[PDB]
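Engineer: To start, I am sharing the structure in question, which I have written as structure tokens.
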Amino acid sequence: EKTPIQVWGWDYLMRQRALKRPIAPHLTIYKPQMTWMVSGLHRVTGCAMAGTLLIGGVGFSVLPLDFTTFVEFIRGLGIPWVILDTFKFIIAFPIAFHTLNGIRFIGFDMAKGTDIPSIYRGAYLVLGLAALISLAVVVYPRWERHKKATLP
Amino acid sequence: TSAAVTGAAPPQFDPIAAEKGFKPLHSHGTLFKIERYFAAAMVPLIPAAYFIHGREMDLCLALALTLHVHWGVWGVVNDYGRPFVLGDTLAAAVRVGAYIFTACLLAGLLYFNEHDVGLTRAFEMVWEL
Amino acid sequence: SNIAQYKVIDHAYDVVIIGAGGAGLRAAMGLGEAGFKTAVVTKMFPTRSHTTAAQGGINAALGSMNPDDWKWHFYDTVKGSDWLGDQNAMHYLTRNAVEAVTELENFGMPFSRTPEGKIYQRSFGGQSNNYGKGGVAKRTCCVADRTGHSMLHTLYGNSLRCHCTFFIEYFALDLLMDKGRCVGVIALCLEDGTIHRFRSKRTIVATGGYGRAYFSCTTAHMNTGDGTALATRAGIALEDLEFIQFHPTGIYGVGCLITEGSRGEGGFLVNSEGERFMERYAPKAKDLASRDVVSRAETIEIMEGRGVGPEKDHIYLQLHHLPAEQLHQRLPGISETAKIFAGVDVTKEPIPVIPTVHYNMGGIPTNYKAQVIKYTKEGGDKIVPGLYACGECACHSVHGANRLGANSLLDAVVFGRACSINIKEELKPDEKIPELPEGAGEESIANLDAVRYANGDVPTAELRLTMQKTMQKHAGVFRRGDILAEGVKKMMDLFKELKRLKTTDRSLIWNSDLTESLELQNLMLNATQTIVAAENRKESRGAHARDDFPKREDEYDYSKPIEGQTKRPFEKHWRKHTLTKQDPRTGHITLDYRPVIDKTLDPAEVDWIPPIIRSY
Amino acid sequence: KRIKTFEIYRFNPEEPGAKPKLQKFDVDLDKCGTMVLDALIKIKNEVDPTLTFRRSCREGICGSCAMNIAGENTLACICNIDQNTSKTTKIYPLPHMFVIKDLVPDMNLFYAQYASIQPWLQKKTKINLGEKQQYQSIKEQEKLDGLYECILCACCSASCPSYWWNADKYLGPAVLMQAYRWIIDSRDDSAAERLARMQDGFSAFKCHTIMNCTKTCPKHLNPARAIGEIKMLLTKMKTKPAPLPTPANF
Ligand SMILES: Cc1cc2nc3c(=O)[nH]c(=O)nc-3n(C[C@H](O)[C@H](O)[C@H](O)COP(=O)(O)OP(=O)(O)OC[C@H]3O[C@@H](n4cnc5c(N)ncnc54)[C@H](O)[C@@H]3O)c2cc1C
Ligand code: HEM
Ligand SMILES: O=C(Nc1cccc(-c2ccccc2)c1)c1ccccc1C(F)(F)F
Ligand code: SF4
Ligand code: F3S
Ligand code: FES
């Protein structure tokens with residue numbers, strides 16, 4: 001149940017349709033900027049996790065396969081440690097970035113930090129702390145396993 | 001020559017003609033508050049679950065994430081599931097499929113925690129690679 | 001309409017306004033409020049009209065800064081006109097000034113404020129307290145540096161509340177004339193290429209000026225004098241065209257205006273010597289002298305080799321001696337504009353400025369009630385029934401030979417409202433909406449088609465570019481009888497090249513090639529009349545100076561005491577309105593002259609102000 | 001001679017079965033003004049008169065000449081041409097709007113929506129229209145700074161993705177910031193009912209704080225903040241102060 005303008009607004013679309021007027025390009029022409037790439041990312045990550053959780057939760061339930069045989073399987077492939085800690089970085093960074101940038105957006109929702117510098121710092125600080133935290137969570141235990149391997 | 005039709009006023013919005021019989025929509029305001037508050041309260045939860053694992057955590061993530069991602073995808077569906085490009089009922093199908101996505105997310109999660117390692121234990125094991 | 005087919009559409013309104021500037025809207029507001037079925041026809045969205053680009057402000061004796069009397073405003077208004085001003089219309093204006101501007105504030109216009117919480121007023125050119133004897137006045141209400149933007153936006157908003165049905169991006173073509181009566185307008189809707197006739201009881205013309213008749217100006221690209229061209233084609237003589245106002249501080253390279261408000265805050269003009277030279281040309285008022293006095297002052301310093309810059313061919317406006325706080329709070333707009341176009345930090349350098357075309361006190365002659373008129377020697381003032389006009393496009397005449405700063409936005413809101421009031425009361429619900437004569441607008445369409453398809457050998461940009469250049473050279477700040485004579489000659493030749501015109505875009509739908517060519521006919525009408533009217537005025541009054549006729553020619557000589565002389569005949573002196581009448585097809589013009597209404601509206605309320613020497 | 005090139009989006013709705021196109025144009029930079037509008041005019045006058053675009057004020061105040069230059073939504077008239085003649089500047093119209101011709105977008109929803117916030121002053125106690133000024137302090141009216149200077153150019157509405165996808169329901173940055181300017185106006189008694197027409201989850205809540213609006217605005221204003229501000233009120237995390245009381249000697 002719409003507002004009167006939202007009704008008017010619909011009928012307007014129908015008119016512009018009827019006249020067969022083109023729609024001026026947008027994604028394909030608009031300059032990449034920190035403002036909307038970050039938002040883009042914030043969504044892309046948020047959704048992919050949900051996606052993973054649905055493809056994950058429903059996937060192992062509807063298959064005879066379980067999680068232990070899956071982890072078992074890929075260790076069996078004997079794949080370099082560097083590549084495997086990259087795949088860990090790619091799992092952490094989504095959760096790290098989305099959560100940090102979540103607070104940022106809760107800021108912007110309350111008018112806090114909406115000037116053009118606060119937008120551009122808030123952006124780098126978040127990509128920073130999120131990449132920092134995702135390396136710190138991948139390389140720390142990998143540096144604490146190269147101690148058991150090689151130390152007394 | 002000028003042997004022509006009597007034409008009409010162009011389409012044009014009257015914000016006073018609009019104000020007769022219009023009754024305000026139930027306010028979305030209260031809801032927007034709890035969506036965000038809820039997200040704010042999950043800010044400590046993610047780091048909590050880094051340190052503390054096990055079955056009580058697995059359960060509190062699944063409950064929280066579901067309810068958060070329920071409101072997430074509802075907003076993402078309302079953005080890309082537009083009548084002007086899908087037609088009316090296909091767009092409504094996508095709105096319904098949002099509530100399906102929410103209730104299959106949970107079932108699969110609940111399943112995963114009750115008949116498999118759980119969310120935390122699952123992360124442990126890929127970090128043990 | 002030979003070489004093509006044209007959809008046409010008929011409407012039926014109580015009154016059709018041609019304009020969505022300050023005047024137009026304010027009129028339309030009045031009319032809808034009073035339950036008329038009003039149409040507003042405008043060639044662009046109303047927010048885009050020139051009013052939006054006004055900076056300085058709007059005059060009213062509010063006494064928000066120091067006690068004021070609307071009669072001192074009335075004084076300055078007439079002095080500024082140089083006694084060409086019809087004092088009745090100046091009376092109406094200044095009297096209703098305080099109400100008009102208060103209405104705006106009540107409409108939600110976000111004015112700048114004082115510590116007491118009232119409307120902030122700034123000093124501005126040409127004005128003074130106690131009938132020229134007091135100091136420098138302070139009655140120029142403003143929204144900082146963006147007073148027109150704010151007034152138009154406010155006006156536009158309030159027009160949506162009062163049920164005017166808007167016909168936007170409709171190019172008005174001609175008035176619909178039924179043997180001396182105005183029954184409507186014919187227009188080309190740009191969106192869909194159709195042609196629209198509007199039938200109406202009244203018609204208000206509110207179409208702004210013709211600054212694009214010159215190579216340099218402060219005006220918008222749309223300022224092409226379509227309304228005066230509308231009236232010319234409808235067989236109505238225009239008035240006072242030869243008074244083109246040159247604003248002193250337009251930016252040098254570009255034209256963009258720097259407000260007079262920049263001088264009203266404290267800024268001043270400076271030559272190559274570093275002299276604040278206005279103290280020579282006007283010891284009392286200095287840089288706040290009337291615009292024409294200042295513009296000439298600048299134009300001399302240039303001619304006498306004290307111009308500033310590489311060519312020594314412009315002047316500096318100095319603002320960096322003021323506080324930075326005050327430059328942000330009072331002049332944020334031009335602070336920015338100077339930055340963008342001149343590459344100047346106004347807090348650290350001067351802005352290069354030069355006298356620039358700006359306003360047209362000429363226009364469609366009316367009465368004090370805003371009813372468009374005709375004039376013959378014998379019959380006199382003869383109104384044109386159904387027709388009204390207001391704003392830059394009109395000649396009430398409240399500015400005579402020199403516009404007072406901050407008096408156009410007033411003229412627009414006062415006489416805009418005056419059209420609505422003066423129609424609510426002569427139009428009564430008995431009178432039904434006129435029917436159109438057969439063949440109505442047929443020739444407008446014939447012209448349209450001829451221009452649209454035309455294949456001459458001179459393109460529509462080139463013919464314009466010289467019309468503008470001819471005007472800058474021959475009809476500028478200082479004029480001489482031989483230069484003007486050659487001007488008229490060269491100009492009358494360009495009126496013939498209009499048959500050899502070349503257009504390319506053949507479309508009906510949003511053809512900005514075709515519409516800029518209708519503008520060029522409309523300019524040529526206005527331009528040719530401006531230069532002949534000027535070439536014939538052998539005096540020097542207000543914003544019109546002849547080198548070869550440097551004195552002001554009035555009935556008496558007002559430099560000596562009065563009693564003792566004999567009043568010169570009307571044919572000998574020049575205190576009178578020039579009336580150009582042009583034949584649209586042949587381009588031939590004829591002249592005639594109209595007496596200045598010296599009486600006020602109400603002798604009781606205020607006495608008329610007899611002419612004196614005009615020195616600031 | 002420095003010959004700069006422009007790829008300009010073109011479309012004509014009279015050619016049957018028409019399609020949008022890019023057209024290259026070469027322009028001598030030393031025969032031409034500094035700003036991008038100067039080039040469009042030059043090209044229209046000397047090369048292709050069909051080339052259709054809006055303009056009026058030359059000083060960046062009207063908002064007629066809004067378009068997408070070099071990726072960003074800005075006004076052409078205060079847009080300095082990139083003199084690096086190796087690259088080519090791309091000029092499309094305001095994104096995602098139905099086009100009428102070339103660089104001219106049908107701006108009619110944008111206007112209708114501006115009408116729908118009711119952009120005018122509303123009073124509970126019928127005022128006598130010409131009689132006296134309404135009190136407002138400096139501080140009260142400086143709330144209006146950053147807000148009343150909107151020229152209605154639509155750069156920002158046309159840069160917001162949400163508004164691309166949902167122009168019909170979401171009012172968008174420019175109309176919303178204007179909505180807020182009639183809400184924090186101390187002189188406006190209708191703060192209450194104004195928020196009632198953006199209660200729904202689409203009118204104002206479809207702002208997903210992307211921040212494209214504040215970034216692109218050629219007048220250096222900020223809608224993203226005004227929108228953020230509009231929510232609280234909607235949430236009730238905030239309310240509008242009552243007017244400062246008008247002194248009795250006024
Ligand atoms: C840069 C600048 C600054 C100024 N500053 C001030 C100031 O501080 N104070 C002051 O008092 N005055 C100022 N003026 C003068 C004043 O702003 C204008 O003279 C006044 O705004 C004119 O109002 P108007 O409604 O008559 O015409 P405009 O406001 O010029 O509007 C003209 C309207 O007529 C319409 N129109 C034109 N031709 C056609 C056609 N063929 N068909 C349909 N519609 C048409 C246009 O579309 C537009 O809607 C300034 C002028 C300029 C140029
Ligand atoms: C831990 C703290 C978290 C916070 C503070 C948070 C905050 C937010 C916020 C504010 C939004 C809405 C932004 C917008 O409207 O554009 C959002 C959207 C979303 N979040 Fe979260 N989130 C968190 C964790 C998660 C997690 C763990 C998931 C896991 C799947 C997730 C999935 C989503 C999804 C799918 C959206 C979709 C809506 C959109 O992108 O616009 N979020 N989040
Ligand atoms: O659509 C969104 N980003 C999007 C989606 C698709 C393309 C582009 C895009 C691409 C290029 C330039 C500009 C925008 C941007 C988006 C992202 C986060 C929150 C809300 C939204 C939206 F409201 F639905 F618009
Ligand atoms: S906000 Fe900036 S961009 Fe959006 S309209 Fe007002 S001015 Fe144009
Ligand atoms: S670009 Fe778009 S969604 Fe909100 S904050 Fe800015 S409007
Ligand atoms: S035409 Fe006024 S914004 Fe450039």
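Residues in the structure tokens are numbered from 1 in each chain, the chains being A, B, ... in the order shown, and ligands are numbered from 1 in the order shown.
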Using only C-alpha atoms and all ligand atoms, determine which residues fall within 8 Å of ligand 5, then list them as a PyMOL selection string.
Structural biologist: (chain A and resi 36+108) or (chain D and resi 156-157+159-163+172-173+206-214+223-225+227-228)
Engineer: Ligand 6: which residues are within 6 Å, counting only C-alpha atoms and all ligand atoms? Reply as a PDB file with N, CA and C atoms, in the first residue's frame.
Structural biologist:
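Saved the output as selection-v8.pdb:
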ATOM      1  N   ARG D  55      21.150  24.357 -20.846  1.00  0.00           N
ATOM      2  CA  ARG D  55      21.980  25.364 -20.175  1.00  0.00           C
ATOM      3  C   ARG D  55      21.180  26.658 -19.976  1.00  0.00           C
ATOM      4  N   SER D  56      21.662  27.537 -19.109  1.00  0.00           N
ATOM      5  CA  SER D  56      21.033  28.842 -18.933  1.00  0.00           C
ATOM      6  C   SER D  56      22.008  29.800 -18.246  1.00  0.00           C
ATOM      7  N   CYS D  57      22.157  29.673 -16.929  1.00  0.00           N
ATOM      8  CA  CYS D  57      23.181  30.414 -16.191  1.00  0.00           C
ATOM      9  C   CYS D  57      24.549  29.922 -16.617  1.00  0.00           C
ATOM     10  N   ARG D  58      25.535  30.807 -16.619  1.00  0.00           N
ATOM     11  CA  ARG D  58      26.876  30.388 -17.021  1.00  0.00           C
ATOM     12  C   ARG D  58      27.783  30.197 -15.792  1.00  0.00           C
ATOM     13  N   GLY D  60      27.097  28.444 -12.725  1.00  0.00           N
ATOM     14  CA  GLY D  60      26.902  27.277 -11.853  1.00  0.00           C
ATOM     15  C   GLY D  60      25.842  27.429 -10.762  1.00  0.00           C
ATOM     16  N   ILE D  61      24.751  28.117 -11.078  1.00  0.00           N
ATOM     17  CA  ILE D  61      23.686  28.364 -10.098  1.00  0.00           C
ATOM     18  C   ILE D  61      22.302  27.764 -10.475  1.00  0.00           C
ATOM     19  N   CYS D  62      22.012  27.697 -11.779  1.00  0.00           N
ATOM     20  CA  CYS D  62      20.750  27.153 -12.319  1.00  0.00           C
ATOM     21  C   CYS D  62      20.467  25.645 -12.193  1.00  0.00           C
ATOM     22  N   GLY D  63      21.475  24.820 -12.461  1.00  0.00           N
ATOM     23  CA  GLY D  63      21.331  23.354 -12.417  1.00  0.00           C
ATOM     24  C   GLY D  63      20.760  22.688 -13.673  1.00  0.00           C
ATOM     25  N   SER D  64      20.630  23.464 -14.753  1.00  0.00           N
ATOM     26  CA  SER D  64      20.114  22.964 -16.019  1.00  0.00           C
ATOM     27  C   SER D  64      21.048  21.976 -16.656  1.00  0.00           C
ATOM     28  N   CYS D  65      22.343  22.264 -16.585  1.00  0.00           N
ATOM     29  CA  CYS D  65      23.321  21.536 -17.394  1.00  0.00           C
ATOM     30  C   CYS D  65      23.970  20.374 -16.651  1.00  0.00           C
ATOM     31  N   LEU D  75      27.981  19.553 -13.044  1.00  0.00           N
ATOM     32  CA  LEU D  75      27.467  20.568 -13.952  1.00  0.00           C
ATOM     33  C   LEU D  75      28.547  20.751 -15.010  1.00  0.00           C
ATOM     34  N   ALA D  76      28.159  20.919 -16.269  1.00  0.00           N
ATOM     35  CA  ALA D  76      29.140  21.110 -17.339  1.00  0.00           C
ATOM     36  C   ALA D  76      29.831  22.466 -17.246  1.00  0.00           C
ATOM     37  N   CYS D  77      29.110  23.481 -16.775  1.00  0.00           N
ATOM     38  CA  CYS D  77      29.564  24.865 -16.888  1.00  0.00           C
ATOM     39  C   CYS D  77      30.690  25.240 -15.939  1.00  0.00           C
TER      40      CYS D  77
END
Engineer: Neighbours of residue 283 in chain C within 8 Å (only C-alpha atoms; same-chain residues fewer than 4 positions away dropped), as JSON, numbers by chain?
Structural biologist: {"C": [278, 279, 616]}
Engineer: Export C-alpha atoms of the chosen residues as a short mmCIF file (atom, residue, chain, number, x, y, z; two decimals), in the first residue's frame?
Structural biologist:
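Saved to result_6.cif:
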data_model
loop_
_atom_site.label_atom_id
_atom_site.label_comp_id
_atom_site.auth_asym_id
_atom_site.auth_seq_id
_atom_site.Cartn_x
_atom_site.Cartn_y
_atom_site.Cartn_z
CA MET C 278 35.71 56.30 -7.01
CA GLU C 279 36.44 59.02 -4.41
CA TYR C 616 26.61 61.25 -6.11
#
Engineer: Set the distance at 10 Å and use only C-alpha atoms: which residues neighbour residue 522 in chain C once local chain neighbours fewer than 3 positions away are removed? I'd like the list as a list in words.
Structural biologist: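 Result of the neighbour search: residues 173, 210, 213, 224, 225, 226, 227, 228, 229, 230, 232, 233, 516, 517, 518, 519, 525, 526, 527 and 584 of chain C.
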Engineer: Hey, which bits of chain D sit within 8 Å of ligand 4, and for each residue what's the closest pair of atoms and how far apart in Å (one decimal), counting only C-alpha atoms and all ligand atoms, rows by chain and increasing number, as a Markdown table?
Structural biologist:
| residue | atom | partner | partner_atom_place_in_ligand_line | distance |
| --- | --- | --- | --- | --- |
| D:63 | CA | ligand 4 | 8 (Fe) | 6.8 |
| D:74 | CA | ligand 4 | 3 (S) | 7.9 |
| D:147 | CA | ligand 4 | 6 (Fe) | 7.9 |
| D:149 | CA | ligand 4 | 6 (Fe) | 7.0 |
| D:150 | CA | ligand 4 | 6 (Fe) | 3.5 |
| D:151 | CA | ligand 4 | 7 (S) | 5.0 |
| D:152 | CA | ligand 4 | 5 (S) | 4.2 |
| D:153 | CA | ligand 4 | 8 (Fe) | 4.0 |
| D:154 | CA | ligand 4 | 5 (S) | 4.5 |
| D:155 | CA | ligand 4 | 3 (S) | 4.5 |
| D:156 | CA | ligand 4 | 4 (Fe) | 4.1 |
| D:157 | CA | ligand 4 | 4 (Fe) | 6.1 |
| D:173 | CA | ligand 4 | 4 (Fe) | 6.3 |
| D:174 | CA | ligand 4 | 4 (Fe) | 4.2 |
| D:175 | CA | ligand 4 | 5 (S) | 7.8 |
| D:177 | CA | ligand 4 | 1 (S) | 7.3 |
| D:213 | CA | ligand 4 | 4 (Fe) | 6.7 |
| D:214 | CA | ligand 4 | 2 (Fe) | 7.2 |
| D:216 | CA | ligand 4 | 3 (S) | 6.9 |
| D:217 | CA | ligand 4 | 2 (Fe) | 4.0 |
| D:218 | CA | ligand 4 | 2 (Fe) | 5.8 |
| D:219 | CA | ligand 4 | 2 (Fe) | 5.1 |
| D:220 | CA | ligand 4 | 2 (Fe) | 6.4 |
| D:221 | CA | ligand 4 | 2 (Fe) | 5.3 |
| D:222 | CA | ligand 4 | 1 (S) | 6.6 |
| D:223 | CA | ligand 4 | 1 (S) | 6.2 |
Engineer: If you count only C-alpha atoms and all ligand atoms, which residues end up within 6 Å of ligand 2, as JSON, numbers by chain?
Structural biologist: {"A": [42, 43, 46, 47, 49, 50, 99, 102, 103, 105, 106], "B": [36, 39, 40, 42, 43, 46, 65, 69, 72, 73, 75, 76], "D": [208]}
Engineer: I need the residues from that last selection saved to file as a compact mmCIF listing (two decimals), in the first residue's frame (with N, CA, C and O atoms), if you can.
Structural biologist:
# COMPACT_ATOMS: atom_id res chain seq x y z
N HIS A 42 30.55 -4.40 0.89
CA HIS A 42 29.80 -4.69 2.13
C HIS A 42 28.63 -5.62 1.90
O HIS A 42 28.37 -6.52 2.70
N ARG A 43 27.91 -5.38 0.80
CA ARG A 43 26.83 -6.25 0.37
C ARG A 43 27.39 -7.57 -0.14
O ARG A 43 27.07 -8.62 0.39
N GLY A 46 28.51 -9.66 2.71
CA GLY A 46 27.34 -10.03 3.52
C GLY A 46 26.53 -11.15 2.89
O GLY A 46 26.18 -12.12 3.55
N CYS A 47 26.26 -11.02 1.60
CA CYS A 47 25.48 -12.02 0.86
C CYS A 47 26.24 -13.34 0.70
O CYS A 47 25.65 -14.39 0.93
N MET A 49 28.52 -14.81 2.47
CA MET A 49 28.53 -15.56 3.71
C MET A 49 27.19 -16.27 3.90
O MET A 49 27.13 -17.48 4.11
N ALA A 50 26.10 -15.51 3.81
CA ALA A 50 24.76 -16.11 3.85
C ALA A 50 24.68 -17.26 2.84
O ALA A 50 24.26 -18.37 3.17
N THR A 99 31.99 -6.70 9.23
CA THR A 99 31.67 -6.40 10.62
C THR A 99 32.13 -5.02 11.02
O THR A 99 31.39 -4.29 11.69
N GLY A 102 30.18 -2.57 9.08
CA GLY A 102 28.87 -2.52 9.69
C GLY A 102 28.73 -1.36 10.66
O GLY A 102 27.73 -0.64 10.65
N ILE A 103 29.74 -1.17 11.50
CA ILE A 103 29.67 -0.16 12.54
C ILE A 103 29.72 1.20 11.86
O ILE A 103 28.92 2.09 12.20
N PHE A 105 28.70 2.09 8.86
CA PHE A 105 27.35 2.36 8.34
C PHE A 105 26.35 2.69 9.44
O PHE A 105 25.48 3.52 9.25
N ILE A 106 26.46 2.07 10.61
CA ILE A 106 25.58 2.46 11.70
C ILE A 106 25.90 3.91 12.07
O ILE A 106 24.99 4.68 12.40
N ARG B 36 19.14 -2.40 13.45
CA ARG B 36 20.48 -1.86 13.57
C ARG B 36 21.02 -2.13 14.97
O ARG B 36 22.19 -2.49 15.12
N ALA B 39 22.22 -5.52 15.05
CA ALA B 39 23.53 -5.59 14.40
C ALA B 39 24.63 -5.06 15.32
O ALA B 39 25.72 -5.61 15.38
N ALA B 40 24.33 -3.98 16.04
CA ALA B 40 25.28 -3.40 16.98
C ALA B 40 25.64 -4.41 18.07
O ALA B 40 26.81 -4.57 18.42
N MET B 42 25.59 -7.59 17.88
CA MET B 42 26.40 -8.68 17.33
C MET B 42 27.86 -8.31 17.18
O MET B 42 28.69 -9.17 16.89
N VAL B 43 28.20 -7.04 17.36
CA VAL B 43 29.59 -6.61 17.22
C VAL B 43 30.51 -7.30 18.24
O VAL B 43 31.62 -7.70 17.89
N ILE B 46 30.86 -11.66 17.42
CA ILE B 46 31.82 -12.24 16.49
C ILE B 46 33.19 -12.44 17.14
O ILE B 46 33.77 -13.51 17.01
N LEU B 65 22.63 -14.82 13.45
CA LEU B 65 22.86 -14.71 12.00
C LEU B 65 21.58 -14.86 11.19
O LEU B 65 21.32 -14.05 10.30
N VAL B 69 20.48 -11.97 8.89
CA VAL B 69 20.44 -12.28 7.45
C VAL B 69 19.00 -12.38 6.90
O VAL B 69 18.78 -12.22 5.70
N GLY B 72 18.59 -8.88 6.28
CA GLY B 72 19.52 -8.55 5.22
C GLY B 72 18.87 -8.80 3.88
O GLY B 72 18.57 -7.86 3.15
N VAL B 73 18.61 -10.07 3.58
CA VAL B 73 18.11 -10.46 2.26
C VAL B 73 16.75 -9.85 1.92
O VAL B 73 16.45 -9.66 0.75
N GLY B 75 15.94 -6.81 2.47
CA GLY B 75 16.32 -5.54 1.87
C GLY B 75 16.97 -5.68 0.51
O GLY B 75 16.87 -4.78 -0.32
N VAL B 76 17.64 -6.80 0.26
CA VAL B 76 18.36 -7.01 -1.01
C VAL B 76 17.41 -7.49 -2.09
O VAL B 76 17.63 -7.26 -3.29
N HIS D 208 20.68 3.26 1.58
CA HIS D 208 21.63 2.27 2.10
C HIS D 208 23.03 2.86 2.28
O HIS D 208 24.05 2.18 2.02
Engineer: Could you list, as a CSV table (one decimal) with N, CA and C atoms, in the first residue's frame, the residues of chain D having an atom within 8 Å of chain B when counting only C-alpha atoms?
Structural biologist:
chain,number,residue,atom,x,y,z
D,112,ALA,N,8.2,16.0,-9.6
D,112,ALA,CA,7.0,15.6,-8.9
D,112,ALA,C,7.3,15.3,-7.4
D,115,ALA,N,7.8,18.2,-5.3
D,115,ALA,CA,6.5,18.7,-4.9
D,115,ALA,C,5.8,18.0,-3.7
D,116,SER,N,6.1,16.7,-3.7
D,116,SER,CA,5.5,15.8,-2.7
D,116,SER,C,5.9,15.9,-1.3
D,117,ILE,N,7.1,16.5,-1.0
D,117,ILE,CA,7.5,16.9,0.3
D,117,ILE,C,6.9,18.2,0.8
D,118,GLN,N,6.2,18.9,-0.1
D,118,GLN,CA,5.5,20.1,0.1
D,118,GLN,C,6.5,21.2,0.5
D,162,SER,N,20.5,3.2,-5.2
D,162,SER,CA,19.2,2.9,-4.7
D,162,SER,C,18.1,3.6,-5.6
D,165,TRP,N,17.6,2.0,-9.0
D,165,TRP,CA,16.8,0.8,-8.9
D,165,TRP,C,15.3,1.1,-8.5
D,166,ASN,N,15.1,2.2,-7.7
D,166,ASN,CA,13.8,2.4,-7.2
D,166,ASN,C,13.3,3.9,-7.2
D,196,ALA,N,5.5,11.9,8.5
D,196,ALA,CA,4.5,10.9,8.2
D,196,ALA,C,4.4,10.4,6.8
D,197,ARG,N,4.9,11.2,5.9
D,197,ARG,CA,4.9,10.8,4.4
D,197,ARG,C,6.2,10.2,4.0
D,199,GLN,N,7.3,7.6,6.4
D,199,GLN,CA,7.3,6.6,7.4
D,199,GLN,C,7.7,5.2,6.8
D,200,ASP,N,7.1,4.9,5.7
D,200,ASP,CA,7.3,3.6,5.0
D,200,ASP,C,8.7,3.3,4.8
D,201,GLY,N,8.9,2.0,4.5
D,201,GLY,CA,10.3,1.4,4.4
D,201,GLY,C,10.9,1.6,3.0
D,231,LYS,N,16.4,10.0,9.5
D,231,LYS,CA,16.1,8.8,10.2
D,231,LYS,C,15.8,8.9,11.7
D,234,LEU,N,12.8,9.8,12.5
D,234,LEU,CA,11.9,8.7,12.2
D,234,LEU,C,12.0,7.7,13.3
D,235,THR,N,13.2,7.3,13.7
D,235,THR,CA,13.4,6.4,14.8
D,235,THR,C,12.9,7.0,16.1
D,236,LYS,N,13.1,8.3,16.3
D,236,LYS,CA,12.8,8.9,17.6
D,236,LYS,C,14.0,9.0,18.4
Engineer: For residue 148 in chain D, work out the shell of residues within 8 Å, counting only C-alpha atoms and skipping chain neighbours fewer than 2 positions away, then give it as a list in words.
Structural biologist: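 Neighbouring residues, sequence-local ones excluded: residues 110 and 150 of chain C; 144, 145, 146, 150, 178 and 181 of chain D.
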Engineer: Just need the residues of chain B within 6 Å of chain A, counting only C-alpha atoms, so spit them out as an MDAnalysis selection string.
Structural biologist: chainID B and resid 18 105 108:109 112
Engineer: Just how far from CA of residue 45 in chain D is CA of residue 43 in chain C, in Å to one decimal?
Structural biologist: 20.8 Å
Engineer: As a PyMOL selection string, please: all residues of chain B that backbone DSSP puts in alpha helix (DSSP H).
Structural biologist: chain B and resi 29-41+45-51+55-80+83-86+88-114+119-127
Engineer: Nearest residue to chain A out of C:192, C:34, C:447, C:581, using only C-alpha atoms?
Structural biologist: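 Checking each candidate against chain A, we get C:192 as the closest.
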Engineer: Taking only C-alpha atoms and all ligand atoms into account, which of C:324, C:353, C:406, C:109 comes nearest ligand 1?
Structural biologist: C:406
